[PDB]
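Participant: Below is the structure I would like to discuss, written out as structure tokens.
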Amino acid sequence: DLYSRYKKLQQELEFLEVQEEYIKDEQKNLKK
Amino acid sequence: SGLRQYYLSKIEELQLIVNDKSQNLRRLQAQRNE
Amino acid sequence: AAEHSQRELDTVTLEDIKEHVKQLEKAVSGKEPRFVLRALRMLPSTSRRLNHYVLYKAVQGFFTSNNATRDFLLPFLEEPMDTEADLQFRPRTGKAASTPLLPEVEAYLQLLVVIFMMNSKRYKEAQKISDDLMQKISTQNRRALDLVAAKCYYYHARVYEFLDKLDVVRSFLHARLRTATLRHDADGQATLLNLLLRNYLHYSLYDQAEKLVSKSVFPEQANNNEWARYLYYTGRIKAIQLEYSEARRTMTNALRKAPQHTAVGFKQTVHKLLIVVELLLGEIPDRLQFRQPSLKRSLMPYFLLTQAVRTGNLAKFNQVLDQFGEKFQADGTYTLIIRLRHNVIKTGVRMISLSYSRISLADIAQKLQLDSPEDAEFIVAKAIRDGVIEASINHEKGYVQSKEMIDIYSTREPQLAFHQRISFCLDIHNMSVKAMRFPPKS
Amino acid sequence: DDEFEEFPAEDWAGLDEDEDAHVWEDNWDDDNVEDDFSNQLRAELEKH
Amino acid sequence: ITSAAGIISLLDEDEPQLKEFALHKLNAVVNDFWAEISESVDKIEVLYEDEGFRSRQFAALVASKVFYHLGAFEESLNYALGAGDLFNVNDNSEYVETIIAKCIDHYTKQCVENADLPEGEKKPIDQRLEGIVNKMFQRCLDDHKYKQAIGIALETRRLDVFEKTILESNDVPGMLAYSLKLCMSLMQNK
Amino acid sequence: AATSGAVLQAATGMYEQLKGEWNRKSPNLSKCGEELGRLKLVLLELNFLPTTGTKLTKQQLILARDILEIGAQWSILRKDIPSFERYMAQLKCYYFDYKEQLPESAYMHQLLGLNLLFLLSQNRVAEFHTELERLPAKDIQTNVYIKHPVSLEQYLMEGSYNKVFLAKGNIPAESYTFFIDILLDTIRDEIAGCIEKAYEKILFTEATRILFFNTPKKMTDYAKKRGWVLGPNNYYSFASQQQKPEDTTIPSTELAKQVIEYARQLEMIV
């Protein structure tokens, strides 16, 4: 079970990274 | 009793990282919304 | 008459403790360990004012889940003197009373208990409860629990010092440091390093401390206070060895990093050690401090000492060392002031260099009240070897010649300095804009 | 705050009253014992 | 107590009887004098290297302990591998736990990096590391916690041990549904 | 236990044999060495280095203390530094950690000061002073035996080299006499270094004069060892110029990276 929690947390981390990068790009373009 | 402590410490690391990242993303979303 | 005022004080303190527990609960829920540090700023004010009545009511209300902790905490607490207007402080309501208390709140309660048992000259019971608390904390593993654990280790050390059994806990502190540096905590690491250095100093075990400091790495995110403590201990350890200049620099950093208002004793400590080290370095510390009110009468020994070092008079140096001798020894510096006593010449030679761009050695001998000019010759050569003075000896004419002044600006030093400072400023900005939280959607 | 109650302050056993309590600027040179500058000039002139 | 310099100093002497008590004393007193012994870590490495020494494994264990305490986890891991059998897997101690976790992590990293490689150039794996990981597999199975053994087997890409743990189960169809679910779940490599 | 008593009696008999051997006007310097070699293995049994205070048989610790003291005397008298330092390594613990219950030795101060003088002679001033910290205060200015290391070091700190060289004549114990020579050679290297770093083109009223040599030629070999040009008689250049670094080339790549990093941190989203 704890293996499933572990993989879930790791994929959550990847998704958070993707979203953070996308928001930085969005802010940079919204300035323009 | 089997390898729990290792799973536990590693999940603790991921949890700390993900919490910090969520706070960063919240701030960043607030700025972009403004 | 004063009993009613004391009662109102107790009620307001009970409400305040309610507030701290609320803050800890918020911190534990919300994934913000730093939110406890709010709960951990008013500890000195609480301790300076706590009372048995407040402690009894707090332990009664907060520990609704009657557990072996309650049985271990109540008996030490004196019961109210036939209290009749008791309001039965009941912080925990319904579900909260039934549910188990949070690890962090319980740790904070044990902290208030041990502090109160410390203010009273009752060390054995305090030590007992403190071992219990240490066992409790070590058993668990949590973040805000870790932040409180920091001050729990500080208070464990304070009690073990007040019982003069500092050695026996070295291994516990060591293993705690190991786990911390394995788990990636910052404040805990700073606290445990500082405590280990304090333990090593208490028994003047300097070589071991030197190895320890040289091998571990101070985390770069601590308080002002833990940075001050680390810096003081490293300064002391160097000054005890022979690296005077770095000791001077670390000390001044510490004194510049201490709390502004409180820590009168701390400022006293650093200032006296700074005076001694500078004197050991051939410079003259400035007279401004000595007349400051918080350090006026605490340095008179050093005031006389400098008055002696300038106008070097071994008679006067001996008079002042002898008279104010036991005091020097008490401070923990005597060894250094002795190291001075045979270096009183150095001030004079540095003065001679600053004042003169070239002087005959015989003139130096006349000026330093020395024997034949060979002694002054040798002292000057050794000096220039040490790096305290910049010159070149040339006996074929028989004069020591100071080196010219070089232009610092034309070199690349200014670029380097401004680059470092610019980096610091940009980092300040990035941190500052990071710290922002926009929770209006809280 | 983090009052360094660990570190002790100075004892107030003696606490002798201030001798003069002057507060102007202190300065280091005031400790030195000179010889009444006029006197040094006069001695110079006598010796030339 | 304190100082702890002699027990070091009683090591150069070429008498392989004083060396042994010095070694055991350093073990007993490492936890509080790892720093000092770390300054003198070259000696103990030399002693381990010398195969003549009977108690070489104890020296390797002590060297790993001090390196681990230092912070340099790769050297500590290597020499802990060198400790051989004395690496008692069954100690409820901080050091043993952290080192085994580091070992599982390194083995997983090596296995993943090696899977996506030709059979010509597979990076060799330490036998001591393999033994330690298999011991941890055995411990996990014996505790009966099948899920953890399956997960470590997957992360390490080991299909043999995965197969074992799959069969030796009291809930075969249940944990088989578990396995299929995990396969269609957040594991990506095709 | 019976076995413990028997081994303790054997060890004590061996120690008595040694003390009888050493107390002789003219020791043998070899049988004693082999004897210490064998005794090292004997002390192994009786808790050679106990790990905790746990007050044990006073006789065992006292025996080990005497064995260490005689071993150290043996090492020095045999002109072997490695042995002296090895022995002192444990002896300092024995003297310091266990003295809360064990009574002090009669040769405590002499031999601590002996080690301090060794340290001084080995150009380790930092260790010199770290050790000076350990001891109490009264012994420092009261004990003639420890007065020598501290006073000689004070003389060296004050630059006074004549006083140290003449101070040989007064000594606390004859054992030190070997290390007075090593201290003298150490300070000779120190004065050579002072002269090299200091001064410009030799002089100092001729080398041998301030080198305190009985013969003018005695310095030729030492000058040969060091990197001295050996110019005219008693005229050797130390090259104090240090090449006088003046060349400058405007390091640019570093500066360009620095500036682009300023711009990076300036424009990134934080």
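Participant: Assuming C:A330 fulfils every condition listed in (1) surrounded by fewer than 18 Cβ atoms within 10 Å (Cβ to Cβ); (2) within 12 Å of chain F (Cβ to nearest Cβ); (3) farther than 27 Å from C:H202 by Cα; (4) among the aliphatic types (A, V, I, L, M) apart from one, which condition is it?
Facilitator: (3)
Participant: Among the numbered criteria (1) in contact (Cβ under 8 Å) with a residue 24 or more places away in the chain; (2) over 26 Å from F:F128 (Cα atoms); (3) surrounded by 17 or more Cβ atoms within 10 Å (Cβ to Cβ), which single criterion is violated by C:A383?
Facilitator: Failing condition for C:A383: (2).
Participant: If you scan segment C:25-39, which residues turn out to be surrounded by 20 or more Cβ atoms within 10 Å (Cβ to Cβ), of a type in the set (A, V, I, L, M, F, W, C) and in contact with a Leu (Cβ under 7 Å, 6 or more places away or on another chain)?
Facilitator: C:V28, C:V36, C:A39
Participant: In addition: Just checking, how many residues over segment E:122-151 are within 14 Å of chain A (Cβ to nearest Cβ) and either in contact with a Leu (Cβ under 7 Å, 6 or more places away or on another chain) or surrounded by fewer than 15 Cβ atoms within 10 Å (Cβ to Cβ) (or both)?
Facilitator: Total satisfying the criteria: 5.
Participant: OK, next. Under the condition of being in contact (Cβ under 8 Å) with a residue 12 or more places away in the chain, within 14 Å of chain D (Cβ to nearest Cβ) and not aliphatic (A, V, I, L, M), which residue from segment C:263-284 is farthest from C:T333 (Cα to Cα)?
Facilitator: Across segment C:263-284, the extreme among qualifying residues is C:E283.
Participant: Does C:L74 meet the test of being farther than 18 Å from C:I137 by Cβ and touching a helix residue (DSSP H, G or I) at 6+ places or on another chain (Cβ under 8 Å)?
Facilitator: The answer is yes for C:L74.
Participant: Where residues in segment C:386-403 are assigned to a loop (DSSP other than H, G, I, E, B) and more than 46 Å from the chain's Cα centre (by Cα), which of them is surrounded by the most Cβ atoms within 10 Å (Cβ to Cβ)?
Facilitator: Of everything passing the filter in segment C:386-403, C:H395 is surrounded by the most Cβ atoms within 10 Å (Cβ to Cβ).
Participant: Could you please find all residues in segment D:9-23 being over 15 Å from C:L299 (Cβ atoms) and facing chain C (nearest Cβ under 8 Å)?
Facilitator: Of everything in segment D:9-23, just one residue is over 15 Å from C:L299 (Cβ atoms) and facing chain C (nearest Cβ under 8 Å), namely D:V23.
Participant: For F:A173, all conditions in the list (1) over 21 Å from C:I379 (Cα atoms); (2) among the hydrophobic types (A, V, I, L, M, F, W, C); (3) without any contact (Cβ under 8 Å) to a residue 24 or more places away in the chain; (4) surrounded by fewer than 16 Cβ atoms within 10 Å (Cβ to Cβ) hold save one; what is the number of the exception?
Facilitator: Condition not satisfied by F:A173: (3).
Participant: Additional query: Among C:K382, C:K434, which is closer than 24 Å to C:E243 by Cβ, within 10 Å of chain F (Cβ to nearest Cβ), among the charged types (D, E, K, R) and not in a loop (DSSP other than H, G, I, E, B)?
Facilitator: C:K382
Participant: Quickly run through segment C:47-63 and pick out the residues that are more than 31 Å from the chain's Cα centre (by Cα) and outside any helix (DSSP H, G or I).
Facilitator: Correct list: C:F63 only.
Participant: What pairs come out if I take residues in segment F:38-52 that are in contact (Cβ under 8 Å) with a residue 24 or more places away in the chain and pair them with residues that are not aliphatic (A, V, I, L, M) whose C-beta lies under 7 Å away, six or more apart or interchain?
Facilitator: So the pair list comes out as F:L46/F:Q60; F:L49/E:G6; F:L49/E:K25; F:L49/F:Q90.
Participant: What is the one condition in (1) within 14 Å of another protein chain (Cβ to nearest Cβ); (2) surrounded by fewer than 17 Cβ atoms within 10 Å (Cβ to Cβ) that E:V46 does not satisfy?
Facilitator: So E:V46 meets the others, but not (1).
Participant: Among (1) more than 9 Å from chain F (Cβ to nearest Cβ); (2) outside any helix (DSSP H, G or I); (3) surrounded by fewer than 18 Cβ atoms within 10 Å (Cβ to Cβ), which single condition is E:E15 missing?
Facilitator: Failed condition: (1).
Participant: Can you pull out every residue in segment F:91-129 that is under 12 Å from the mean Cα position of the chain (by Cα) and without any contact (Cβ under 8 Å) to a residue 40 or more places away in the chain?
Facilitator: Those that are under 12 Å from the mean Cα position of the chain (by Cα) and without any contact (Cβ under 8 Å) to a residue 40 or more places away in the chain: F:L112, F:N115, F:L116, F:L119, F:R124, F:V125, F:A126, F:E127, F:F128, F:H129.
Participant: Looking only at segment C:175-197, which residues are buried (at least 20 other Cβ atoms within 10 Å of the Cβ) and not hydrophobic (A, V, I, L, M, F, W, C)?
Facilitator: Within segment C:175-197, C:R176, C:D185, C:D187, C:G188, C:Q189, C:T191, C:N194 qualify.
Participant: Out of (1) more than 11 Å from chain F (Cβ to nearest Cβ); (2) over 23 Å from F:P251 (Cβ atoms); (3) assigned to a helix (DSSP H, G or I), what's the single condition that is false for C:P414?
Facilitator: So C:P414 meets the others, but not (2).
Participant: So C:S402 fits all but one of (1) out of contact with any strand residue (DSSP E or B) (no Cβ under 7 Å at 6 or more places or on another chain); (2) closer than 23 Å to F:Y236 by Cα; (3) more than 9 Å from every other protein chain (Cβ to nearest Cβ); (4) not charged (D, E, K, R); what number is the exception?
Facilitator: Condition (1) is where C:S402 drops out.
Participant: Step by step: first the residues of segment C:202-249, then only those that are without any contact (Cβ under 8 Å) to a residue 12 or more places away in the chain and aliphatic (A, V, I, L, M), then the one that is surrounded by the fewest Cβ atoms within 10 Å (Cβ to Cβ). Which residue is that?
Facilitator: C:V217
Participant: Okay, moving on. Every residue in segment E:157-190 that is among the charged types (D, E, K, R) and surrounded by 11 or more Cβ atoms within 10 Å (Cβ to Cβ), please.
Facilitator: E:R157, E:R158, E:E163, E:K164, E:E168 - these are the residues of segment E:157-190 that are among the charged types (D, E, K, R) and surrounded by 11 or more Cβ atoms within 10 Å (Cβ to Cβ).
Participant: Would you tally the residues in segment E:54-88 being of a type outside the set (G, A, S) and either touching a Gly at 6+ places or on another chain (Cβ under 7 Å) or within 24 Å of E:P16 (Cα to Cα) (or both)?
Facilitator: 14
Participant: If C:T252 meets every condition in (1) touching a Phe, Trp or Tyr at 6+ places or on another chain (Cβ under 6 Å); (2) away from chain D (no Cβ under 13 Å); (3) among the hydroxyl-bearing types (S, T, Y) apart from one, which number is that one?
Facilitator: The number of the failed condition is (1).
Participant: Further question: Can you tell me which of E:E119, E:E20 is within 14 Å of chain F (Cβ to nearest Cβ) and surrounded by fewer than 18 Cβ atoms within 10 Å (Cβ to Cβ)? Write out each step before concluding.
Facilitator: Working: E:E119 fails: within 14 Å of chain F (Cβ to nearest Cβ).
It is E:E20.
Participant: Mind checking which helices (runs of 4 or more DSSP H) fall wholly inside segment C:308-357 and carry at least 2 residues that are more than 28 Å from the chain's Cα centre (by Cα)?
Facilitator: Per the criteria, C:314-323, C:344-355.
Participant: Turning to a different aspect of this structure: Considering only segment C:200-207, I want to know if a residue exists there that is closer than 30 Å to B:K10 by Cβ, in a helix (DSSP H, G or I) and touching an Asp or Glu at 6+ places or on another chain (Cβ under 9 Å). Walk me through it before giving the result.
Facilitator: Filtering segment C:200-207 down to residues closer than 30 Å to B:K10 by Cβ leaves none.
Checked segment C:200-207: no residue is closer than 30 Å to B:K10 by Cβ, in a helix (DSSP H, G or I) and touching an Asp or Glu at 6+ places or on another chain (Cβ under 9 Å).
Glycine also receives a Cβ, built like all others from the backbone with ideal geometry; neighbour counts cover every protein chain displayed. We did not get these values from a lab; they are worked out from the coordinates using the rules stated.
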